[PDB]
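K.L.:
A single structure is presented below for examination.
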Amino acid sequence: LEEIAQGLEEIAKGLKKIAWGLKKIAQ
Amino acid sequence: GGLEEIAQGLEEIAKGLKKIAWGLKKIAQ
Amino acid sequence: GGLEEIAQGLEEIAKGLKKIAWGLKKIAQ
Amino acid sequence: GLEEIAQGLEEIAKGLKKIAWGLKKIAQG
Amino acid sequence: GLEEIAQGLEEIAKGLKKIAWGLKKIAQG
Amino acid sequence: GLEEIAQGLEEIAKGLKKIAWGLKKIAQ
Amino acid sequence: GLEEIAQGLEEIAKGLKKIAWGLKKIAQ
Amino acid sequence: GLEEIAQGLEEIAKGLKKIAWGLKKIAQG
């Protein structure tokens with residue numbers, strides 16, 4: 001369960017990076 | 001560098017999925 | 001060109017993987 | 001939980017279709 | 001070759017949508 | 001809805017073949 | 001780079017296939 | 001079924017990494 005929580009956190013951080021990357025692409 | 005950041009984000013998601021896979025594998029005893 | 005489409009689609013995929021991940025967590029619990 | 005997974009799979013499908021469009025454009029220049 | 005890959009992704013997308021519909025049906029149970 | 005899941009798994013396998021052949025084309 | 005992206009998407013599809021099959025085996 | 005889900009997640013992780021490398025290549029020209 002602890003390792004699942006960490007993985008869900010890493011996924012959120014990655015989605016944020018992708019969001020910022022798409023904004024940079026469109027600007 | 002927007003493409004580089006999307007790449008890095010995909011790697012971070014990959015790492016996270018692997019950790020979830022490890023957790024589910026433990027649930028399987 | 002098509003690079004914008006690919007980047008956009010990869011974000012959708014990533015978002016769908018997040019939902020799948022949380023859905024599995026809810027089932028494991 | 002199972003419904004969330006399904007919604008995630010549907011979002012992955014949309015993302016794949018967007019990627020398909022990007023490749024199709026690249027294929028045509 | 002890009003057109004084939006695009007078509008393949010589109011085909012996987014439809015299969016994922018069909019799988020998704022199936023999970024929602026089981027969820028309703 | 002087990003029949004729809006089986007059909008989707010088959011659609012994925014079919015799509016997975018088209019990607020393999022497209023990769024081969026690009027490889028050549 | 002396009003080749004690598006295609007290969008990765010092929011791998012994702014294969015993994016989603018395994019996930020779907022597992023969920024199916026769980027419901028049954 | 002839980003093990004197969006974990007294996008599928010791991011395979012997805014591997015595919016995500018390949019996509020990132022392809023994005024890094026395109027970003028470098």
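Please note that chains go A, B, ... in the order of the structure tokens, that every chain numbers its residues from 1, and that ligands are numbered from 1 in the order shown.
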Identify every residue of chain C that has at least one atom within 8 Å of any atom of chain B, counting only C-alpha atoms, and report the result as a count of residues only.
P.N.:
4
K.L.:
Where does chain G meet chain B within 12 Å, residue by residue, with the nearest atom pair and distance in Å to one decimal for each, counting only C-alpha atoms, listed by chain and rising number, as a Markdown table?
P.N.:
```
| residue | atom | partner | partner_atom | distance |
| --- | --- | --- | --- | --- |
| G:1 | CA | B:3 | CA | 11.8 |
| G:5 | CA | B:7 | CA | 10.9 |
| G:8 | CA | B:10 | CA | 11.2 |
| G:12 | CA | B:14 | CA | 10.8 |
| G:15 | CA | B:17 | CA | 11.5 |
| G:19 | CA | B:21 | CA | 11.1 |
```
K.L.:
Please write the residues from the selection above to a file, keeping C-alpha atoms, as a compact mmCIF listing (two decimals), in the first residue's frame.
P.N.:
```txt
# COMPACT_ATOMS: atom_id res chain seq x y z
CA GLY G 1 12.21 9.46 -32.69
CA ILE G 5 7.29 6.52 -30.08
CA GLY G 8 6.45 2.56 -26.96
CA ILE G 12 1.50 0.39 -23.91
CA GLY G 15 0.24 -3.71 -21.28
CA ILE G 19 -4.55 -5.27 -17.63
```
K.L.:
Please write out chain C, superposed on chain B by least squares over all C-alpha atoms matched in order, as a PDB file with C-alpha atoms, in the first residue's frame.
P.N.:
```pdb
ATOM      1  CA  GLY C   1      10.111  24.172 -26.186  1.00  0.00           C
ATOM      2  CA  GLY C   2       8.595  21.729 -23.701  1.00  0.00           C
ATOM      3  CA  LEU C   3       9.583  18.372 -25.208  1.00  0.00           C
ATOM      4  CA  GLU C   4      12.156  17.790 -22.463  1.00  0.00           C
ATOM      5  CA  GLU C   5       9.474  18.366 -19.819  1.00  0.00           C
ATOM      6  CA  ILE C   6       7.130  15.859 -21.468  1.00  0.00           C
ATOM      7  CA  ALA C   7       9.842  13.196 -21.722  1.00  0.00           C
ATOM      8  CA  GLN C   8      10.857  13.777 -18.099  1.00  0.00           C
ATOM      9  CA  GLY C   9       7.248  13.555 -16.932  1.00  0.00           C
ATOM     10  CA  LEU C  10       6.635  10.337 -18.852  1.00  0.00           C
ATOM     11  CA  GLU C  11       9.612   8.778 -17.059  1.00  0.00           C
ATOM     12  CA  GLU C  12       8.169   9.802 -13.686  1.00  0.00           C
ATOM     13  CA  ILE C  13       4.815   8.300 -14.688  1.00  0.00           C
ATOM     14  CA  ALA C  14       6.549   5.090 -15.761  1.00  0.00           C
ATOM     15  CA  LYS C  15       8.454   4.990 -12.465  1.00  0.00           C
ATOM     16  CA  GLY C  16       5.198   5.468 -10.569  1.00  0.00           C
ATOM     17  CA  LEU C  17       3.582   2.671 -12.569  1.00  0.00           C
ATOM     18  CA  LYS C  18       6.462   0.381 -11.599  1.00  0.00           C
ATOM     19  CA  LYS C  19       5.855   1.090  -7.909  1.00  0.00           C
ATOM     20  CA  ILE C  20       2.129   0.480  -8.389  1.00  0.00           C
ATOM     21  CA  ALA C  21       2.924  -2.804 -10.143  1.00  0.00           C
ATOM     22  CA  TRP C  22       5.208  -4.059  -7.371  1.00  0.00           C
ATOM     23  CA  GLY C  23       2.752  -2.860  -4.733  1.00  0.00           C
ATOM     24  CA  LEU C  24      -0.031  -4.902  -6.315  1.00  0.00           C
ATOM     25  CA  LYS C  25       2.297  -7.910  -6.498  1.00  0.00           C
ATOM     26  CA  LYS C  26       2.963  -7.603  -2.764  1.00  0.00           C
ATOM     27  CA  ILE C  27      -0.795  -7.534  -2.144  1.00  0.00           C
ATOM     28  CA  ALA C  28      -1.435 -10.520  -4.419  1.00  0.00           C
ATOM     29  CA  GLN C  29       1.165 -12.471  -2.421  1.00  0.00           C
TER      30      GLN C  29
END
```
K.L.:
Take chain D, lay it over chain H with a least-squares fit on all the Cα atoms in order, then hand it over as a tab-separated table (two decimals) with N, CA and C atoms, in the first residue's frame.
P.N.:
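Wrote it out as superposed.tsv, contents follow:
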```
chain	number	residue	atom	x	y	z
D	1	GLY	N	-4.74	-12.75	-11.49
D	1	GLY	CA	-5.27	-11.57	-12.17
D	1	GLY	C	-4.56	-10.30	-11.76
D	2	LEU	N	-4.39	-10.10	-10.45
D	2	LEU	CA	-3.73	-8.89	-9.96
D	2	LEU	C	-2.27	-8.85	-10.42
D	3	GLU	N	-1.61	-10.01	-10.45
D	3	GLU	CA	-0.23	-10.05	-10.93
D	3	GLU	C	-0.15	-9.69	-12.41
D	4	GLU	N	-1.15	-10.11	-13.20
D	4	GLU	CA	-1.15	-9.77	-14.61
D	4	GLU	C	-1.29	-8.26	-14.81
D	5	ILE	N	-2.17	-7.62	-14.05
D	5	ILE	CA	-2.30	-6.17	-14.12
D	5	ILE	C	-0.95	-5.51	-13.84
D	6	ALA	N	-0.25	-5.98	-12.81
D	6	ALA	CA	1.04	-5.40	-12.46
D	6	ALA	C	2.03	-5.55	-13.62
D	7	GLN	N	2.09	-6.74	-14.21
D	7	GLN	CA	2.95	-6.93	-15.38
D	7	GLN	C	2.55	-5.99	-16.51
D	8	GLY	N	1.25	-5.79	-16.71
D	8	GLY	CA	0.81	-4.84	-17.72
D	8	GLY	C	1.25	-3.42	-17.41
D	9	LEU	N	1.12	-3.00	-16.15
D	9	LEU	CA	1.58	-1.67	-15.78
D	9	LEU	C	3.08	-1.52	-16.01
D	10	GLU	N	3.84	-2.60	-15.81
D	10	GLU	CA	5.28	-2.53	-16.04
D	10	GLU	C	5.60	-2.41	-17.52
D	11	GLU	N	4.81	-3.07	-18.37
D	11	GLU	CA	5.01	-2.93	-19.81
D	11	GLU	C	4.63	-1.53	-20.28
D	12	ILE	N	3.56	-0.97	-19.73
D	12	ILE	CA	3.23	0.42	-20.04
D	12	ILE	C	4.40	1.32	-19.67
D	13	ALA	N	5.03	1.06	-18.52
D	13	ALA	CA	6.16	1.87	-18.09
D	13	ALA	C	7.29	1.81	-19.12
D	14	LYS	N	7.61	0.60	-19.59
D	14	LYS	CA	8.64	0.47	-20.62
D	14	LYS	C	8.26	1.23	-21.88
D	15	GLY	N	7.00	1.10	-22.31
D	15	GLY	CA	6.55	1.84	-23.47
D	15	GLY	C	6.68	3.34	-23.29
D	16	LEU	N	6.30	3.85	-22.12
D	16	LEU	CA	6.44	5.28	-21.86
D	16	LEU	C	7.89	5.72	-21.96
D	17	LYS	N	8.81	4.92	-21.41
D	17	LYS	CA	10.23	5.26	-21.50
D	17	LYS	C	10.70	5.31	-22.95
D	18	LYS	N	10.20	4.39	-23.79
D	18	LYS	CA	10.57	4.43	-25.20
D	18	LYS	C	10.02	5.69	-25.86
D	19	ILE	N	8.78	6.05	-25.56
D	19	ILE	CA	8.22	7.30	-26.09
D	19	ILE	C	9.07	8.48	-25.63
D	20	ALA	N	9.45	8.50	-24.35
D	20	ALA	CA	10.29	9.58	-23.84
D	20	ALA	C	11.55	9.74	-24.68
D	21	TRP	N	12.21	8.63	-25.02
D	21	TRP	CA	13.41	8.69	-25.84
D	21	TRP	C	13.11	9.31	-27.20
D	22	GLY	N	12.01	8.89	-27.84
D	22	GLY	CA	11.66	9.45	-29.13
D	22	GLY	C	11.45	10.95	-29.07
D	23	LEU	N	10.74	11.42	-28.05
D	23	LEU	CA	10.54	12.86	-27.89
D	23	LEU	C	11.87	13.57	-27.66
D	24	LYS	N	12.73	13.00	-26.81
D	24	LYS	CA	14.02	13.61	-26.53
D	24	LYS	C	14.83	13.79	-27.81
D	25	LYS	N	14.79	12.80	-28.70
D	25	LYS	CA	15.49	12.92	-29.97
D	25	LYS	C	14.87	14.02	-30.83
D	26	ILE	N	13.54	14.04	-30.93
D	26	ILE	CA	12.88	15.10	-31.68
D	26	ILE	C	13.26	16.46	-31.12
D	27	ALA	N	13.35	16.57	-29.80
D	27	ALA	CA	13.73	17.84	-29.18
D	27	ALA	C	15.11	18.29	-29.64
D	28	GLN	N	16.00	17.35	-29.95
D	28	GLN	CA	17.35	17.67	-30.41
D	28	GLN	C	17.45	17.64	-31.93
D	29	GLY	N	16.33	17.71	-32.64
D	29	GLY	CA	16.33	17.69	-34.09
D	29	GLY	C	15.91	16.34	-34.65
```
K.L.:
In Å to one decimal, how far is CA of residue 24 in chain F from CA of residue 10 in chain G?
P.N.:
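CA of residue 24 in chain F lies at a distance of 12.9 Å from CA of residue 10 in chain G.
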K.L.:
Enumerate, in order of chain and increasing residue number, the residues of chain A with an atom no farther than 6 Å from chain B, each with its shortest atom pair and distance in Å to one decimal, counting only C-alpha atoms, as a tab-separated table.
P.N.:
```
residue	atom	partner	partner_atom	distance
A:1	CA	B:23	CA	6.0
A:3	CA	B:23	CA	5.4
A:4	CA	B:20	CA	4.4
A:7	CA	B:16	CA	3.7
A:10	CA	B:16	CA	4.9
A:11	CA	B:13	CA	4.4
A:14	CA	B:9	CA	3.9
A:17	CA	B:9	CA	5.0
A:18	CA	B:6	CA	4.3
A:21	CA	B:2	CA	3.9
A:24	CA	B:2	CA	5.0
A:25	CA	B:2	CA	5.2
```
K.L.:
Interatomic distance between CA of residue 16 in chain G and CA of residue 4 in chain F?
P.N.:
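We find that CA of residue 16 in chain G and CA of residue 4 in chain F lie 15.4 Å from each other.
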K.L.:
Rounded to one decimal place, report the CA of residue 14 in chain F-CA of residue 2 in chain F distance in Å.
P.N.:
18.7 Å
